[PDB]
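Structure below; questions to follow.
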Amino acid sequence: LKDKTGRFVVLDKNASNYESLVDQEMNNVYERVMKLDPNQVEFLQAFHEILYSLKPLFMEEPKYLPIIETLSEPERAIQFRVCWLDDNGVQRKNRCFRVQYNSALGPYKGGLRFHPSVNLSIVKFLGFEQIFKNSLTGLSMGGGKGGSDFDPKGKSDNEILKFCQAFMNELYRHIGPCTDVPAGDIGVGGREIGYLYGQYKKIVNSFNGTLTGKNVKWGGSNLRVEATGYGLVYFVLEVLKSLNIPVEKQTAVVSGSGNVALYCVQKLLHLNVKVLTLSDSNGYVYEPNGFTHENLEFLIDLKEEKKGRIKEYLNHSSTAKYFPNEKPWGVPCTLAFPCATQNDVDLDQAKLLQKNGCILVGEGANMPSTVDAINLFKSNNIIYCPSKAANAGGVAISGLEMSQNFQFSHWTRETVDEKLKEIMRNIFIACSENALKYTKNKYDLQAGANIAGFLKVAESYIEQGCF
Amino acid sequence: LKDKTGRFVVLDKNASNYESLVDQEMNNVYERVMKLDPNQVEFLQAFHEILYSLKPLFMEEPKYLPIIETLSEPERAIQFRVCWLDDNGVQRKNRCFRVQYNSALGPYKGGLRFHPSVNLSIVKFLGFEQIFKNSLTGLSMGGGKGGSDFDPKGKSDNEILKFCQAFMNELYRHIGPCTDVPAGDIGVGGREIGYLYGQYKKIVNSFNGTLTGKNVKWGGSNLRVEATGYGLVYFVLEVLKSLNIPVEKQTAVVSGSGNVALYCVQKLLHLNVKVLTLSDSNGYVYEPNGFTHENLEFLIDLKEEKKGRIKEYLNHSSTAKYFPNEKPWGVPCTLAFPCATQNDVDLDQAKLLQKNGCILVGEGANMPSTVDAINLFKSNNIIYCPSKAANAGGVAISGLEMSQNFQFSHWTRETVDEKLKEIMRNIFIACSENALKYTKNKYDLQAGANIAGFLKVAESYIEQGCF
Amino acid sequence: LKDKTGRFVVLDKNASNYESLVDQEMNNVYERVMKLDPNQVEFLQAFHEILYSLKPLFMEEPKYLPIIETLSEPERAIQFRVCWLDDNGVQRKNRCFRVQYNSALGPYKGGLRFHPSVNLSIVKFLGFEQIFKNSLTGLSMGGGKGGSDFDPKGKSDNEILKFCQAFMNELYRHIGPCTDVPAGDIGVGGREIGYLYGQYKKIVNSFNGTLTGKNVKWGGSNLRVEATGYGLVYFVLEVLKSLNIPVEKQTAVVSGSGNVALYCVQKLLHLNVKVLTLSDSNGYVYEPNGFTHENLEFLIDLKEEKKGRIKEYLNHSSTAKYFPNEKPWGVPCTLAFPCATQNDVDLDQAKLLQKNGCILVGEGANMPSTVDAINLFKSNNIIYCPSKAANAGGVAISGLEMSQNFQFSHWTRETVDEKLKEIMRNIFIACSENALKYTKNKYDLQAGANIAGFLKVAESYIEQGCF
Amino acid sequence: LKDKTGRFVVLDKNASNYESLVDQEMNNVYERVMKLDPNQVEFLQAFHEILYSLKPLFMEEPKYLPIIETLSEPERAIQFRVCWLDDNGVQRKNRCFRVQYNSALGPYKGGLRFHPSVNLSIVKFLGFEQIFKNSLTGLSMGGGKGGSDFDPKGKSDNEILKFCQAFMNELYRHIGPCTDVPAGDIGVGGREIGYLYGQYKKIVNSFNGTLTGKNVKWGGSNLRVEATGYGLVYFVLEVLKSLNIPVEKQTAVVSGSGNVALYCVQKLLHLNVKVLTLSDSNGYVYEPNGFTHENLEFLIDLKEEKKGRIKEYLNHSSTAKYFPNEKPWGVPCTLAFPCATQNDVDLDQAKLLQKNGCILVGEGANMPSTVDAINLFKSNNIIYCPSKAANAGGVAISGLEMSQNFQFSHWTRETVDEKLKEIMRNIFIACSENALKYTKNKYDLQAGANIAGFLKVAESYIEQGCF
């Protein structure tokens, strides 16, 4: 009837109709959550997603049923008003958030998002998954998220600043080095974090690592930009190594042109992998013979350094070719690296990839593969690497940024990279064993990432008592 | 094109189309507001409701359109999880809130409510109105509302303590003497305020007036239980005077058994007003000749004090009579005091009292009359007393308590009442003046209230700057 | 050799040479003071000035020489940079200050001044005098002055907001309800105090009386605009009484248009005193017969309220007359109220009023009379009312506001005035008593003021210990 | 007459009757201490113990006489009431402590003890010796201690929790990462510290190393459990190595069955030492041919993992034999490791050990050897290892836990162990030289531990001034 603590009700695993008890309870867990937040579509969907993914574990430790239902409720969610003067003198208003989700494993860690479509649900959605992503890095980090429906597009620097100072004029009172360390995300890059940190240090009068993603000149870490892109390739190399699949005999197709796709390709080239593409929301580019370090240098320190359109890539490669309004998925590969947007890969695209020889998918972006696409991948014996695990390197460097701020140190690029490789190996190791242990599959990384990331946060929550 | 401040956009009170723009831009303000909170039903209603009632004020001053739109958004809105052990030792969870709405006229003020029904929409609706209501008192009280979806019914006294301490372990960091002074409400009674004040003092190690509604032995104030009902009568007694209508010559049908009703009657009788009824969820009693001090006394000091039922009254008043599940609104009168529930009075009822000489409705509860009845009444020239005013006495004493804790003092029952009678008289003057000035009705108290409650707030906001 | 405390060195009031030592050691105290701040011209002047005026007090008590020397040094003096964006988007800079001078009788009290002329010397001079001036009020107010070399003239309302918020982002950490209560002054008006109070409340998240001079809707106090002028008359009206000179039988020439003058007149007329003049930078108007309530009214509610010029008065008083760039000091009188600028009255002017029956000078502004004129007046037995006293009403209401915010209360216009009239009467008693006791003049109010302002401070300091 | 600082009186070492001056002064030091706390038996005894132990040093640096008398007085001792609800709803009460003894070398470090017999004296007793133990680790740690007369035995988990949350509900305000870092002890194991940390993080809203002994999942260190047991063997290996006594030719007898005895034996086996026993408060177990890694695995992960009685050991070893109601001391050995309770080894037991060949005693527990037993050991040329030094490894890992929390790192088990070996070597080196230098004995570790541990704390106290 109850676990060792007595605070939690067991679901008698030796009853005659156990599985039905679990299923029906999982269902009541979802029904109550749904009722708490009926119209938070993005949130309810991510919860339902993890919830049922964990079923193998619930069958095992039913005590984790009451727990996940509770952890799905932010320890603290703060919504605040923020007013700022536009460059015309007109006073403006934006809705802001900062969901301090979980604090069992360490200070709340989660980025900030300034985007017209930001809202409670979506912030709660990124925050809930941020928990398990942070848990997987092995480091000491909780889970948070926040942002504003403030649209940076079309704004002067002076406006991004005033809004950044206004935002922190409220946010600071809820964050700190050992409380909640926000980071960047869509809308918040180095510039924003520079103004956010500036305002913070100005009000609180302290120079610390309350924000990650900072400039190497005042607290930042090396590899701050290559982290995600590298972690991704490291995670896939780790999967490839365990199956004994020669990495230098693989062909990769990558989408996106951000810092994730850019450095994924850079690490891919270093490992001697042939990269055939990169892409823009307008179209994708193709290099017949594969990409080059030089080519990647054009794309990088120009169509991100100047912010052009991947089309300009043609002014550098007479051998390249652009495809207006298309994704790279029709290009045969063994490795697919979705580093663009949400729902980048759909059903038909997973079919092309499937019939073209694709053997593994590395999620570079946030849930790039559609729900039907994942199913197609898993059903066709194609290794699926979960965002939570494969692109966790971006969060790892974050923790390493704090570690360097706490130690009042600044490690070399090589030291940080070595740690990023061992962290990514630890993540693959945790996802394999939990997957094998709970689904007997072993390469069902989606179940493994969720189980490992949840088990650590839950045991800890129980250990820390009622709160 | 802009106001003196050049921060808001003025509509141009001297353009041909003008009156249409005040109608469209208002429609526009409710648009964005609605798209922001698509499903906060109760919230959008109290907003739209105040929005349109204020058209008389926008007509003169259109600068107030951009403002109400900004003030509709809580300056801060904290949602938090709370876990407590129940009596069986099982760990429980509950969602909690504290919407700090506006702090222009003073610290955030507002009670907490623990009802299974509570949620953000409800809290915001109750919270938004708190602003203006607290504005009409004339004291320095900002607006705010709090609470949890926690249900006391069924809980032991020990459980309500465990929950209150758990509640405060999170809420203490967001409230304070000059920051947020929560109060009691539905679910939070003198006990719950005592248990919360207990945890607050234990953690923060400070004895002060962070909460109003405390026992008189440690911060409480005399007239705490009668302030609302008292002021309701004091407000009407003030409305009648300006009309030269002898208060001691009217008949009053009144609904309730809470403090609002139980003392509305106690003051009505003290002025020689004959009260024929008193209500309860199951029914309403009746006194042909009228209630006696001793009659009202048995009731008060016994049904509520012993928490029985209004029926039992028939064990004292062999003269009285019960009327199984019925609303007193039938019995004819001159002064009707709705003090039971929201929409206590519907339309048909508004028709009964209408055809029986009911000359003044004096709300004693939270929005007692339906959107219809208010129109019916207002359509037949029946004095309609706006909740924000008539029952403001509850908040009136709330700040008098603050004043007394702040002065490390404790006033006589007499002093408090004199200051109370005085406030309500000013509440009458503002509503009246304003009504006359903006709607030429002078007794369109529903408008006087909004226009006066919102003004002190809006000007102050403008004077305080962009925050 | 030493005082009761054995911490200071006593000169020996019974040594032959003694009177020389009090003259040398004083000369010595100004030496070190001067060598410390070699170029703070204004500062060294207010110090040397107070230093020597206090010789009557040292004569009896030489322990006070070491003390004044120590109190001449601010307990704390914060200087800070402030950067704000101007309307063109250009980033601007300004030096700022907050000299917390003495906290013996209470928290630090003193306005802020934003004038291109502001600097440490000026702030210290204004700040030093604030001490004693705030000492004579009898309230619990320590001394302090603040400000910036920032110039509002030419700035938009938006710019004054951006600067005020920037100002407070630094100043909030150094001020507070019971630490430092800044106020308005030249450059900081009800608007700037509103914009500063806005930022202070936004950052600290506390509604309180950290600043005096707030709007009445959120902390302000009645008689805020008249306190200074009022008390000036109330002080003189008090001086005359002790002399048995009928206030309603004198003629008064007065300079100004600020609140000090505009209401000095309003009270002078209310007591039936005939005021023939009112001044302005460009000139001074004249009423042969005297100003009328309606006359003074047009002026006040129109020239200052509409910020025009005293000339325009001739668009109401066809009886009056303007006197192009001239000081009213000519027109003969019995009571002259200098309330325009420093050194408003020179020597020659002090000769005109001298030969015309001017029997009492009553300073209404910051040091209005020249070192000469004071001597001239004092040399011809003309009652000289020390700025520190006559215009202390401004500070008087400053602390009444604090009292009111502290008591979460708001007094009537009547109450405040009665307490005001009362303070000024005590201010008269202290100065008088002291004057008589130390200089046998009883009407050497200039000395009475210093000796009484400094004493409450110095004794308190000694009683408080070595800090 | 006085040291270099002048704040301390010397005891002229060149006087004719110096030794008598010192003895008599040491005596006055004890007489005044005794009088301050007449009935704190445990405290007075530990003080007297160190005091006279240090005499060699006092003869040397008499300046340390006034100092030890002062350091014997807690910089701060806080006693607090703690109320909590038992599982029956009945409110309960317990007396709690937290003696923040010394802060010269770093943040107060000392465990918490929940035991029916806890009281000021005993807490002060553990705190006073904790100082010198911490000083010896070489790390930066002060000395503290605390606990409650709260009896954990017979309590539900839910009760240990409520009491743990109640305890911290007061304690938190006095502790912090850089102020006071409590740890575990009798009554407080991992479970308690888990609930103590949980409550702390909940109230203060910070994730830091305010408590050591945490779970490796949220801040803990590897070796957290093996530390004391290992440090002990390392310290003895270090002593053995310096005498050139082959460690793999020794025979050890161990008492206790806790984490100290368990891992002492584990390290002993690794070093190839023959272990013959372990024990329970009921009786001791004996392995004829010595213990095995496997055997130790039964005892360990079972009679500590399940918490049985060392008697059950027989269900695993057909070769073992239990001895009801006896201690291991009658078993011949060269090495004796008292890891049980206070006063474990008595006079007769030290005689058996003595006549049986014992050459060294390693104090695993707190003062296990009786006072007569130590004398017998020292008088018979038997190496006596002081609790303060030999079992200091348990405190060392503690400091390493903080170091890992500050660096936001998590070192491997091998890195922590290496540091534990060097720390234990540094301790032996400090105890040898100070012993040799002050008693010419060299292996009078009891004098050395006390001298070294005191010299560092005292020089520092002087360096830091009067407080």
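The first chain written gets the first letter, and so on, giving A, B, C and D; residue counts start at 1 in each chain.
To be clear about the criterion, contacts are C-beta pairs under 8 Å (C-beta built on N, C-alpha and C of every residue); 3 or more make two chains touch, one makes a residue touch a chain.
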*asked:* Please identify which of B-C, A-B or B-D repeats the interface of A-C; the criterion is that more than half of the contact pairs agree.
replied: B-D
_Comparison of A-D and B-D (more C-beta pairs in contact)_ = A-D
_Centre distance in Å when chain C and chain D are each reduced to the mean of their C-alpha atoms_ = 67
*So what's the Cα centroid distance for chain B and chain C, whole Å?*
46
*Could you state the distance in Å from the CA-based centre of chain B to that of chain D?*
62
_Computed distance of Cα centres, chain D from chain A, in Å_ = 46
*Would you give the residues of chain A that are in contact with at least 2 other chains, written as numbers and ranges?*
5-7, 85, 89, 169-170, 466-467
*Which residues of chain B touch chain C in their complex?*
4-7, 103-107, 138-140, 142, 176, 178-179, 399, 402-403, 406-407, 456, 459-460, 463-467
_chain B residues touching chain D - in the complex, by the definition given at the top_ = 85, 87, 89, 156, 158, 161-162, 169-170, 173, 202-203, 205
*Give every residue of chain D touching chain A within the complex, in rising order.*
156-158, 161, 164-165, 177, 190-191, 194-195, 197-199, 201-202, 205-208, 215, 217-219, 406-410
*Can you list the chain B residues touching chain A in their complex?*
2, 5-9, 36, 38-39, 66, 69-70, 73-81, 83-85, 89-91, 93, 95, 166, 169-170, 466-467
